[PDB]
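In this analysis, Cβ positions are derived from the backbone assuming ideal geometry, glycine residues included, and neighbour counts consider all displayed protein chains. No lab work stands behind these numbers, since they all come straight from the coordinates.
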């Protein structure tokens, strides 16, 4: 049903400008916040900017504030990101994401991304598990139990999928095998009855303030296969 | 606008009266402390505020089904309400649980900030979200403003909700919405301060009239009548110095009449 | 009962009056009007107050002139009421702890409750408790089979104010769902330093008629007055505290009413 | 202008509403609705407050349906108004100093000011100062050329509330010698321990008509609302204090009036 298509990514000289577009369909666009997330080649996810339902509120990560401008056209179901004064550190695949489940800015539906080339939370890098066994992925930070946590799953070369939002809640279509808990200084994602499809990169996200949506580095969970 | 209101029905069968007691929802920390909240934490920085569910008093509400009178269409019209807080004299128990006012003295009376509020309507109470601290992580089991920003601390028009679930909407997050509630009359008073004394009056001779300037009361859509309440009476100070909210139930007696509509 | 016309005539009206003593506990023969000193910090699991510590509701049944033997009943129309002895709290030289070195005695203050009722039936009451596990003493009448529900609303806790110096104020309130034949008025003010505020005048009258213009109809030629006038806490030199209460005056005007 | 008859006929009435944000100072991006923490004990000769520490009057101009292209004006008749978010002060677990060891946070309390106005012209204000030598900061509009008589009544200190988040509350009050086309209402309560007392209901309405039955006549199809709702002081764990304000709602009913 829900579909998001990013476009506009190409090669850009440092200091140049580029304008990204996201075509939305299959849901009531003006009912939800929209978010831009980027991922440098071989690195983790990074929250860039989001925008209120009607566009009356916009927030940016520090590194892009003053250079990027997020906007939306609710009559055309379109989301945009205007990038100025591009630095080489901006090189990343840029995702377009909806804000549907929960109260604290979890990201439900993601697009396929568009590649732009210009030229706090502690996670274990790797985790292994036997098929049918139960695997735990931890997210560590100071008083993380005081903040809401979301967990995302990303298979190689694919768009991220939200498995847990607001610490423990699972979206529809996610099996109960995936479970999330948050207490003290560690938040944990538990995958039970592990299957071949469960093998992927897993990310934790925390909402602390309007401009602070930290992501974890991520953990690769590998199912022992052959 | 809503519905076009015609004449009032007359006859001995044209009047009905409903009554109910509405329990308070202060948090209920364990099975023995019904009517109290969990003890209050303090001094949590705005950046790490995450209250437990049992610490947060919530609005009380109930939907009362009315007799099916269509059996021109008619609706039940709420005309008057008698209401009262139940159990005010229970705060004269100063020998149980409360910290002594001084050496050899009695216990410390319940006092402090309080909120007393009720509403009657033919729709669920419509509410607007305002937050002391938008960065608060409210717990599982509560319903609090979605996607809060810094303007949620003043006025964020996206924070609209119906009081459509009991023991779910925290009092500290929601207030009645004056820009709506066309089919509801609501009344509330807040008094804050550490040493605010509870002041409560009981009498079966007082009645609040629910008609508006045109002489129309709340019209009960789908033959349902909605009562809502919040009666935080103040803080209970235990012998150790910990403090808990105390709430009491509220009685309603609503008189209704049949009204023709188009 | 079906209410018919009001009887007229010089003899169709009558007037009764009474003083209703407070029931604060009366710890000994000398301290009538006071309670036993208050205990504090008893855990909810072991709350066990002594009887002489618990103020109770006051009530009295006033006989009326017999009317029958086409039925007639006495109808309470108005009541004048006030608290008796309010100026006695200006005694600051006796028993009370000094406000500071070289100062006078500490005035009576704190949580207080003032309540009265007039009806043709005993006052109907509802039980609500601060702590349901409280063991109430012999000689009191308190909610039967209390549960945690009794700390909010337990509909089983119904009672008639049918005995004087028996129903503790901290356990019972007037029941709003009943009392069709009684008018009641009460005000609670709690807190350590709540100042007593009491007005007296013989020019103020409370009308007892309902919206239909009918007052309490006195079943069996009996009129019922009820009261509870806890004024606050008296603080002795040692720091112990005792409730102090005062009596209440009633003057009720009645008239003869036809009923069927 | 010379006021004639009220126009009738459905299209002759209208009803507008708005939510007016408070301007308490907003010390940073997260603390909307608060002020910067308060400084103390600065001598009158060196009083120099920062801008984010000074609450200011709120105001907005609500456009009305255009009338002229037989002159007509919109006439404000009634207003319903309410302070928004009073129950948010029941959050005692965040940021506020504990009332004592193991207790909850300290409630917002202290001096407060609640004020609103509705008019057909900008609210007209008169400047009065606690200390005339105060150096008010860049971004505020305060009395020009203050003298010692600015501390009681300096008639030169006249201003229109013509800019939002710029006229400090501590500097200006509604001018009773003017405002012929505005109705204003305000109440100041001062003190360290003053409890906030705020009432909400959608059943109360304020009539804006004067003695002749004429309400504010809206010049240039422009209706003006103004407000100031300082609720008290928030005490942080460290002892520092900040003003806390809340937004105000308006619903104004108007009718078409003939003028000459």
- Note on the structure: Taking alpha-carbon centroids only, region D:144-176 lies from region B:11-40 a number of Å equal to 51
- The residues B:132, B:155, sorted from fewest to most surrounding Cβ atoms within 10 Å, come out as B:155, B:132
- Query: Taking the mean number of other Cβ atoms within 10 Å as a proxy for protection, how do you rank C:76-85, A:24-33 from highest to lowest?
  - Reply: C:76-85, A:24-33
- Task: Consider all pairwise Cα distances in the protein assembly as shown and report the whole-number % of them above 52 Å.
- Result: 31
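How do the peptides B:201-208, D:118-125 rank, highest first, by the average count of neighbouring beta carbon atoms within 10 Å per residue?
The densest-packed peptide leads the list: D:118-125, B:201-208.
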- Task: Would you kindly calculate the mean projected area, averaged across all directions, of the convex hull enclosing the Cα atoms of region C:1-160, in square nanometres?
- Result: 15.2
- Query: Mean 1/r over all different Cα pairs, inverted: what Kirkwood radius does region D:57-114 give, in Å?
  - Reply: 16.7
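Under the √(5λ) rule applied to the eigenvalues of the Cα gyration tensor, what semi-axes describe the equivalent ellipsoid of region A:40-118? Give them in Å, descending.
21, 15, 13
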- Query: Measuring from the lowest to the highest alpha carbon on each principal axis, how far does region D:164-260 reach, largest first, in angstroms?
  - Reply: 62, 32, 22
- Message: Based on Cα coordinates alone, diagonalise the gyration tensor for region A:142-181, multiply each eigenvalue by 5, take square roots, and list the semi-axes in whole Å, largest first.
- Response: 20, 13, 7
- Message: Would you report the distance distribution of C-alpha pairs in chain A as whole percents per 10 angstrom bin, up to the bin with the largest distance?
- Response: 8, 33, 36, 19, 4, 0
- Task: Please report the relative contact order for region B:187-262, taking Cα pairs under 8 Å with a sequence separation of at least 6, and give it as a percent rounded to a whole number.
- Result: 18
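Taking 8 Å as the Cα distance limit and 6 or more residues as the minimum spacing, I'd like the relative contact order of region D:125-168 as a percentage.
About 51 percent, as a whole number.
Over region A:81-168, what lengths in whole Å, largest first, do the semi-axes of the equivalent ellipsoid take, defined as the square roots of 5 times the eigenvalues of the alpha-carbon gyration tensor?
Computed over region A:81-168, the values are 27, 18, 16 Å.
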- Query: How would you rank B:20, D:218, going from fewest to most other Cβ atoms within 10 Å of each one's own Cβ?
  - Reply: B:20, D:218
- What average number of partner chain Cβ atoms lie no more than 10 Å from the Cβ of the residues making up C:178-189? 4
- Taking the alpha-carbon centre of each part, the distance from region C:184-260 to region A:110-156 in Å is 69
- Item | Distance from region B:66-113 to region C:79-125 (C-alpha centre basis), Å | 24
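Mind checking B:46-52 for the average number of partner chain beta-carbons within 10 Å of each residue's beta-carbon?
So the per-residue partner count for this stretch is 6.
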- Query: Based on the Kirkwood radius over alpha-carbon pairs, what is the Stokes-Einstein translational diffusion coefficient of region D:83-165 at 20 °C with 1.002 mPa s viscosity, in µm²/s?
  - Reply: 128
- Message: Against the empirical 2.2 N^0.38 Å scaling, what ratio does the C-alpha Rg of chain B come to?
- Response: 1.12
